[PDB]
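Undergrad: To be precise about what I am sending: the file is called run21.pdb and holds PDB, C-alpha atoms.
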```
ATOM      1  CA  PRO N   1       0.000   0.000   0.000
ATOM      2  CA  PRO N   2       1.125   3.619  -0.381
ATOM      3  CA  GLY N   3       2.946   5.076   2.586
ATOM      4  CA  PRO N   4       1.505   7.280   5.357
ATOM      5  CA  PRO N   5       0.598  10.935   4.728
ATOM      6  CA  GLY N   6       3.417  13.400   4.901
ATOM      7  CA  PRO N   7       3.903  15.977   7.642
ATOM      8  CA  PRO N   8       1.815  19.139   7.822
ATOM      9  CA  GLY N   9       3.418  21.874   5.768
ATOM     10  CA  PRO N  10       5.290  24.927   7.000
ATOM     11  CA  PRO N  11       3.479  27.844   8.612
ATOM     12  CA  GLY N  12       2.118  30.464   6.287
ATOM     13  CA  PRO N  13       3.934  33.757   6.045
ATOM     14  CA  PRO N  14       3.270  36.805   8.211
ATOM     15  CA  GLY N  15       0.283  38.814   7.002
ATOM     16  CA  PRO N  16       0.352  42.259   5.384
ATOM     17  CA  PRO N  17       0.713  45.481   7.349
ATOM     18  CA  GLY N  18      -2.285  46.759   9.296
ATOM     19  CA  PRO N  19      -4.209  49.995   8.603
ATOM     20  CA  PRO N  20      -2.890  53.423   9.525
ATOM     21  CA  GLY N  21      -3.723  54.709  12.934
ATOM     22  CA  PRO N  22      -6.321  57.433  13.234
ATOM     23  CA  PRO N  23      -5.514  61.163  13.109
ATOM     24  CA  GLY N  24      -3.663  62.577  16.072
ATOM     25  CA  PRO N  25      -5.096  64.869  18.743
ATOM     26  CA  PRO N  26      -5.962  68.506  18.034
ATOM     27  CA  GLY N  27      -3.072  70.949  18.221
ATOM     28  CA  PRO N  28      -2.532  73.431  21.105
ATOM     29  CA  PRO N  29      -4.811  76.468  21.629
ATOM     30  CA  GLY N  30      -3.623  79.646  19.866
TER      31      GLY N  30
ATOM     32  CA  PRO X   1       4.966   3.896  -3.314
ATOM     33  CA  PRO X   2       5.035   7.274  -1.504
ATOM     34  CA  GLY X   3       2.095   8.365   0.594
ATOM     35  CA  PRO X   4       0.174  11.568  -0.131
ATOM     36  CA  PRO X   5       1.423  15.045   0.752
ATOM     37  CA  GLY X   6       0.623  16.294   4.177
ATOM     38  CA  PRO X   7      -1.986  19.027   4.517
ATOM     39  CA  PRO X   8      -1.253  22.775   4.351
ATOM     40  CA  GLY X   9       0.605  24.176   7.315
ATOM     41  CA  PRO X  10      -0.793  26.505   9.988
ATOM     42  CA  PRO X  11      -1.727  30.122   9.178
ATOM     43  CA  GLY X  12       1.094  32.603   9.370
ATOM     44  CA  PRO X  13       1.622  35.293  11.993
ATOM     45  CA  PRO X  14      -0.520  38.408  11.990
ATOM     46  CA  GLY X  15       1.137  41.122   9.882
ATOM     47  CA  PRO X  16       3.001  44.016  11.440
ATOM     48  CA  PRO X  17       1.319  47.137  12.796
ATOM     49  CA  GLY X  18       0.151  49.724  10.305
ATOM     50  CA  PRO X  19       1.788  53.127  10.091
ATOM     51  CA  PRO X  20       1.306  56.058  12.476
ATOM     52  CA  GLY X  21      -1.812  58.012  11.641
ATOM     53  CA  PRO X  22      -1.999  61.461  10.023
ATOM     54  CA  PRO X  23      -1.597  64.763  11.867
ATOM     55  CA  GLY X  24      -4.505  65.844  14.023
ATOM     56  CA  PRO X  25      -6.558  68.981  13.354
ATOM     57  CA  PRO X  26      -5.364  72.513  14.259
ATOM     58  CA  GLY X  27      -5.962  73.775  17.753
ATOM     59  CA  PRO X  28      -8.685  76.540  17.754
ATOM     60  CA  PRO X  29      -8.138  80.394  18.032
ATOM     61  CA  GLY X  30      -6.542  81.968  21.097
TER      62      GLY X  30
ATOM     63  CA  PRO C   1       6.598  -3.355   2.710
ATOM     64  CA  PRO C   2       4.346  -0.252   3.013
ATOM     65  CA  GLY C   3       5.512   2.757   1.013
ATOM     66  CA  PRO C   4       7.484   5.638   2.579
ATOM     67  CA  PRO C   5       5.766   8.722   3.985
ATOM     68  CA  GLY C   6       4.401  11.316   1.656
ATOM     69  CA  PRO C   7       6.126  14.664   1.391
ATOM     70  CA  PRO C   8       5.636  17.643   3.695
ATOM     71  CA  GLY C   9       2.516  19.623   2.905
ATOM     72  CA  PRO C  10       2.341  23.064   1.274
ATOM     73  CA  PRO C  11       2.742  26.394   3.110
ATOM     74  CA  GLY C  12      -0.152  27.497   5.241
ATOM     75  CA  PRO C  13      -2.106  30.633   4.309
ATOM     76  CA  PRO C  14      -0.684  34.032   5.188
ATOM     77  CA  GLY C  15      -1.834  35.392   8.538
ATOM     78  CA  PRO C  16      -4.257  38.334   8.742
ATOM     79  CA  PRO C  17      -3.335  42.010   8.399
ATOM     80  CA  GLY C  18      -1.558  43.390  11.429
ATOM     81  CA  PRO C  19      -2.972  45.754  14.020
ATOM     82  CA  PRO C  20      -3.717  49.395  13.258
ATOM     83  CA  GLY C  21      -0.867  51.824  13.609
ATOM     84  CA  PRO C  22      -0.539  54.312  16.455
ATOM     85  CA  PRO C  23      -2.543  57.544  16.575
ATOM     86  CA  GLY C  24      -0.949  60.291  14.496
ATOM     87  CA  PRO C  25       0.942  63.296  15.849
ATOM     88  CA  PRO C  26      -0.821  66.312  17.347
ATOM     89  CA  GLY C  27      -2.115  68.860  14.907
ATOM     90  CA  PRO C  28      -0.742  72.393  14.558
ATOM     91  CA  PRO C  29      -1.095  74.975  17.315
ATOM     92  CA  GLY C  30      -4.187  77.144  16.883
TER      93      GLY C  30
END
```
Please render this file's structure as structure tokens.

TA:
Amino acid sequence: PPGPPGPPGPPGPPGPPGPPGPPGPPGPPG
Amino acid sequence: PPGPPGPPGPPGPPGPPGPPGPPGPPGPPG
Amino acid sequence: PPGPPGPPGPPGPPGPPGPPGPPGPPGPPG
């Protein structure tokens, strides 16, 4: 009979970069 | 003969953080 | 005799997008 199944493959690669953060806080009072 | 390939490996790591966000709005008048 | 093991499996899928980036810098003084 054919042999046993092979090992699970290697982990997938790291995903793509996440989204930008949101805008920063308002600037100082004038 | 050889057995079948193993299954796909685990999912990869989450991707890296996204970039810093854009500048915030102006502060208001003095 | 039984056949040898099958080969290692294929790469896993890429992981998900990473986390959002940090909040942006403060806006301009008002």

Undergrad: Could you list, as a VMD selection string, every residue matched by the PyMOL selection byres ((chain C and resi 11-24) around 8) in this structure?

TA: (chain N and resid 9 to 25) or (chain X and resid 8 to 24) or (chain C and resid 9 to 10 25 to 26)

Undergrad: Selection from above, C-alpha atoms, as a compact mmCIF listing (two decimals), in the frame of the given file, can you write it?

TA:
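The result, stored in selection-v1.txt:
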```txt
# COMPACT_ATOMS: atom_id res chain seq x y z
CA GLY N 9 3.42 21.87 5.77
CA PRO N 10 5.29 24.93 7.00
CA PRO N 11 3.48 27.84 8.61
CA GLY N 12 2.12 30.46 6.29
CA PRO N 13 3.93 33.76 6.04
CA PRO N 14 3.27 36.80 8.21
CA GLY N 15 0.28 38.81 7.00
CA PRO N 16 0.35 42.26 5.38
CA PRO N 17 0.71 45.48 7.35
CA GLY N 18 -2.28 46.76 9.30
CA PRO N 19 -4.21 50.00 8.60
CA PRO N 20 -2.89 53.42 9.52
CA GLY N 21 -3.72 54.71 12.93
CA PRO N 22 -6.32 57.43 13.23
CA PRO N 23 -5.51 61.16 13.11
CA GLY N 24 -3.66 62.58 16.07
CA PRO N 25 -5.10 64.87 18.74
CA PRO X 8 -1.25 22.78 4.35
CA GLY X 9 0.60 24.18 7.32
CA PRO X 10 -0.79 26.50 9.99
CA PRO X 11 -1.73 30.12 9.18
CA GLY X 12 1.09 32.60 9.37
CA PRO X 13 1.62 35.29 11.99
CA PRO X 14 -0.52 38.41 11.99
CA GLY X 15 1.14 41.12 9.88
CA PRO X 16 3.00 44.02 11.44
CA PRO X 17 1.32 47.14 12.80
CA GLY X 18 0.15 49.72 10.30
CA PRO X 19 1.79 53.13 10.09
CA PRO X 20 1.31 56.06 12.48
CA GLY X 21 -1.81 58.01 11.64
CA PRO X 22 -2.00 61.46 10.02
CA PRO X 23 -1.60 64.76 11.87
CA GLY X 24 -4.50 65.84 14.02
CA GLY C 9 2.52 19.62 2.90
CA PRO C 10 2.34 23.06 1.27
CA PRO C 25 0.94 63.30 15.85
CA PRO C 26 -0.82 66.31 17.35
```

Undergrad: I'd like the contact shell of residue 29 (chain N) - 6 Å cut-off, all atoms listed in the file, skipping same-chain residues fewer than 2 positions apart - returned as a ChimeraX atom specification.

TA: /X:27-28,30 /C:29-30

Undergrad: Using CA of residue 1 (chain X) and CA of residue 1 (chain N) as the two end points, give the distance in Å to one decimal.

TA: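 Calculated distance between CA of residue 1 (chain X) and CA of residue 1 (chain N) is 7.1 Å.
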
Undergrad: Output as a CSV table (one decimal), in the frame of the given file: region 6-26 of chain C, completed with N, CA, C and O atoms.

TA:
```csv
chain,number,residue,atom,x,y,z
C,6,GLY,N,4.5,10.3,2.7
C,6,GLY,CA,4.4,11.3,1.7
C,6,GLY,C,5.2,12.5,2.0
C,6,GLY,O,5.8,12.6,3.1
C,7,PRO,N,5.3,13.5,1.1
C,7,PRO,CA,6.1,14.7,1.4
C,7,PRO,C,5.5,15.7,2.3
C,7,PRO,O,4.2,15.6,2.6
C,8,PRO,N,6.3,16.6,2.9
C,8,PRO,CA,5.6,17.6,3.7
C,8,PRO,C,4.6,18.4,2.9
C,8,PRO,O,4.8,18.6,1.7
C,9,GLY,N,3.6,18.9,3.6
C,9,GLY,CA,2.5,19.6,2.9
C,9,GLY,C,3.0,21.0,2.5
C,9,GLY,O,4.1,21.5,2.7
C,10,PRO,N,2.1,21.7,1.8
C,10,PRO,CA,2.3,23.1,1.3
C,10,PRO,C,2.3,24.1,2.4
C,10,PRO,O,1.9,23.8,3.5
C,11,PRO,N,2.8,25.3,2.1
C,11,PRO,CA,2.7,26.4,3.1
C,11,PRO,C,1.3,26.7,3.5
C,11,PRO,O,0.4,26.6,2.7
C,12,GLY,N,1.2,27.0,4.8
C,12,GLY,CA,-0.2,27.5,5.2
C,12,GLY,C,-0.5,28.8,4.6
C,12,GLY,O,0.3,29.5,4.0
C,13,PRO,N,-1.8,29.3,4.8
C,13,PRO,CA,-2.1,30.6,4.3
C,13,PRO,C,-1.4,31.7,5.1
C,13,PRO,O,-1.0,31.5,6.2
C,14,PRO,N,-1.2,32.9,4.5
C,14,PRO,CA,-0.7,34.0,5.2
C,14,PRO,C,-1.6,34.4,6.4
C,14,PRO,O,-2.8,34.3,6.2
C,15,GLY,N,-1.0,34.9,7.4
C,15,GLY,CA,-1.8,35.4,8.5
C,15,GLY,C,-2.6,36.7,8.1
C,15,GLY,O,-2.4,37.2,7.0
C,16,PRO,N,-3.5,37.1,9.0
C,16,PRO,CA,-4.3,38.3,8.7
C,16,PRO,C,-3.4,39.6,8.8
C,16,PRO,O,-2.3,39.6,9.2
C,17,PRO,N,-4.0,40.7,8.3
C,17,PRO,CA,-3.3,42.0,8.4
C,17,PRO,C,-3.0,42.3,9.8
C,17,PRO,O,-3.8,41.9,10.8
C,18,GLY,N,-1.9,43.0,10.1
C,18,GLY,CA,-1.6,43.4,11.4
C,18,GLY,C,-2.5,44.4,12.0
C,18,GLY,O,-3.4,44.9,11.4
C,19,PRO,N,-2.2,44.8,13.3
C,19,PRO,CA,-3.0,45.8,14.0
C,19,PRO,C,-2.9,47.2,13.4
C,19,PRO,O,-2.0,47.4,12.6
C,20,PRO,N,-3.9,48.0,13.7
C,20,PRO,CA,-3.7,49.4,13.3
C,20,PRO,C,-2.5,50.1,13.8
C,20,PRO,O,-2.0,49.7,14.9
C,21,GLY,N,-2.0,51.1,13.1
C,21,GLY,CA,-0.9,51.8,13.6
C,21,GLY,C,-1.3,52.7,14.8
C,21,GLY,O,-2.4,52.9,15.1
C,22,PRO,N,-0.3,53.4,15.4
C,22,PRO,CA,-0.5,54.3,16.5
C,22,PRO,C,-1.3,55.5,16.0
C,22,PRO,O,-1.3,55.9,14.8
C,23,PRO,N,-2.0,56.2,16.9
C,23,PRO,CA,-2.5,57.5,16.6
C,23,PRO,C,-1.5,58.4,16.0
C,23,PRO,O,-0.3,58.3,16.4
C,24,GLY,N,-1.9,59.3,15.1
C,24,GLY,CA,-0.9,60.3,14.5
C,24,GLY,C,-0.5,61.4,15.5
C,24,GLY,O,-0.9,61.4,16.6
C,25,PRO,N,0.4,62.2,15.0
C,25,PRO,CA,0.9,63.3,15.8
C,25,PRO,C,-0.1,64.4,16.1
C,25,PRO,O,-1.1,64.5,15.3
C,26,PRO,N,0.1,65.2,17.1
C,26,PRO,CA,-0.8,66.3,17.3
C,26,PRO,C,-0.9,67.2,16.1
C,26,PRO,O,0.1,67.4,15.4
```
